[PDB]
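Chains as they are written, first to last, in this note's numbering: chain A, 7 to 375; chain B, 35 to 149.
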């Protein structure tokens, strides 16, 4: 029920002493969403640290990027401290300073109850491909759907008024469900619980409808989900069957199909056109390699979209033993990074190769010592 | 490499107060930030308060206003004045310190109990 965070500390750009840069701490794969992330400078907390809006992956685990602007010098040493319910003590990771395709629109919703601390926390984010473009936070000041990409700011007040009305309704719904789910599972009004909703549509390179999604999760575990055919549901336990029958009797799936197949597609197309300078670009990865037993590390920087495959081979066959693959991470400027590692005998590193499959490369690339 | 000597725990009545103190050994230039985390009923320990050598403080939300952390100019020693204590503040309070290279040191901890 609880997943511990994966921590990465890195800079946006390669570090150059005296050159302005950005220090990143990417925490991913954790549950619940409660996390304390600090950026340290010489055993001291960095004052003005910003972070990205809460979002989560297919497995429902959350991810966050904490970042600040800094100018590294010779003496300064940096790190990231992370506290979480799955940790006996805060974990510190030091900044190792010596180190043609489909499209999609996705909406992610998260609600977390706060017994005896006001209404539940509601965070909503919108994505086109790997670019976030809208957000809503119940704790923010605006109480409005807010832009997070240049190309969405062209929309007029009718758009923003409607999105705010709709997102607030998503919020009210999740508030009711939080109490409902508390009753169905016989839990006390003192514990904190998380409800996660996610839906969206996929289109091919021809912008025609491909797939649609609508999924629901309670405390990180699957609750109910729309099948791939968008005409039936998938319940997870005895509690979710009650909602399934209440939704099949209300023919809810028919309404969702129309949105995913029509409205969702229609506005995804409009977004892709309005932000073509951004969304329809492909940044090829700037690739590189780092190095009786030795370590070989294949890297990939400043690429978009995030979809990428780094695989290892020993004399032709995919070696998946003694290999380390790290989660793709955001650079903070819209691009992404990733690397992979493998143990090798110092002297046999020529019988090893790294394969880079990316949507922005003419053909797969090959790298060896 | 560094030792953290703690003192000032014990039992107190609700509404009462306590002063913790934590003194670091080793080089005076080998510790920057000092403070206290406290044990939760579960697995984790939460931030209570800490302070940098320069006096920059941060408090956990649940102790804001009631708890005050201070530092002695000379000796690497910090002081936690815990006022208006409630039963929910019962916990083992762990002192900690950060090296100027972001290395963490932790003390044994001191039980605090509020009837």
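Backbone N, C-alpha and C fix where the C-beta goes; we use that ideal spot for every residue, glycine too.
Comparing alpha-carbon positions, the option among A:144, A:138 and A:263 lying closest to residue 311 (chain A) turns out to be A:138.
Runs of the alpha helix (DSSP H) spanning 4 or more residues and lying entirely within the region 160–224 of chain A occur at 163–190, in chain order. Residue contact with chain A for residue 67 (chain B): present (Cβ-Cβ distance below 8 Å to some residue of chain A). Chain-ordered, the chain A residues with CB closer than 7 Å to the CB of residue 138 (chain B) read 98. Here residue 191 (chain A) is exposed, its C-beta having fewer than 16 other C-beta atoms within 10 Å. Ranked by Cα distance from residue 298 (chain A), the options A:104, A:346 and A:352 are led by A:352.
In the DSSP annotation of this structure, the continuous segment of the beta strand (DSSP E) that includes residue 45 (chain A) starts and ends at 42–47. Across the structure, residue 215 (chain A) and residue 270 (chain A) are spaced so that their CA atoms are roughly 9 Å apart. Separation of the CB atoms of residue 57 (chain B) and residue 82 (chain B) is rounded to 17 Å, and the pair is thereby denied contact status at 8 Å.
Proximity of chain B to residue 46 (chain A) at the Cβ level (cut-off 8 Å) is accounted for by 132 and 136, in chain order.
Taking residue 313 (chain A) as reference, the option from A:154, A:372 and A:136 with the minimal CA-CA separation is A:136. Using a Cβ-Cβ cut-off of 8 Å, residue 60 (chain B) does not count as an interface residue toward chain A, since no Cβ of chain A sits closer than that to its own.
Assignment of beta-bridge partners to residue 227 (chain A) by DSSP yields A:224. Scanning chain A for C-beta atoms nearer than 9 Å to the C-beta of residue 79 (chain B) yields 89, 93, 94, 95 and 96, reported in chain order. With a beta-carbon spacing of about 4 Å, residue 143 (chain B) and residue 126 (chain B) fall inside the 8 Å limit used to define contacts. Looking only at B:35, B:46 and B:37, the smallest Cα-Cα distance to residue 117 (chain B) is reached by B:46.
Straight-line spacing of the CA atoms in residue 93 (chain A) and residue 62 (chain A) works out to 20 Å. Residue pairing from DSSP places residue 97 (chain A) in a beta bridge opposite A:88.
Look at residue 32 (chain A) here: in three-state DSSP terms it is strand.
Spanning the alpha carbons of residue 187 (chain A) and residue 321 (chain A) requires a straight line of approximately 54 Å. The region 257–295 of chain A is shown to contain whole alpha helix (DSSP H) runs of 4 or more residues at 258–264, 270–280 and 282–285, in chain order. By the CB criterion at 8 Å, residue 64 (chain A) and residue 85 (chain A) fall outside the cutoff. Using a CB distance below 8 Å, no part of the region 336–360 of chain A faces chain B. Using a 10 angstroms sphere on the CB of residue 175 (chain A), the tally of other CB atoms stays under 16, which defines it as exposed.
Residues of the same chain with a CB within less than 7 Å of the CB of residue 36 (chain B), apart from the 5 flanking positions on each side, are 58, 59, 60, 64, 65, 131 and 139 in chain order. Residue 83 (chain A) has a beta carbon lying within less than 8 Å of a beta carbon in chain B. For residue 31 (chain A), same chain residues with a beta-carbon under 8 Å away, outside a window of 5 residues either side, are 13, 14, 15, 43, 45, 71, 72, 73, 86, 88 and 99 in chain order. Beta-bridge partners assigned by DSSP to residue 76 (chain A): A:27. Rounded to whole angstroms, residue 117 (chain A) and residue 132 (chain A) show a C-alpha spacing of 15 Å.
Using a Cβ-Cβ cut-off of 8 Å, residue 141 (chain B) is close to nothing in chain A; its nearest Cβ partner there is about 12 Å away. The continuous stretches of alpha helix (DSSP H) do not include residue 40 (chain B), which lies in the beta strand (DSSP E) extending over residues 38–41. In this model, residue 302 (chain A) and residue 350 (chain A) are separated by some 7 Å (Cα to Cα). Contacts with chain B at 8 Å (Cβ-Cβ) include residue 42 (chain A).
Straight across, the Cα-Cα distance linking residue 92 (chain B) with residue 124 (chain A) is about 24 Å. Looking at the backbone, the Cα of residue 87 (chain B) and that of residue 325 (chain A) are separated by about 50 Å. Taking all protein chains shown into account, residue 107 (chain B) has fewer than 16 neighbouring C-beta atoms within 10 Å of its C-beta and is therefore exposed.
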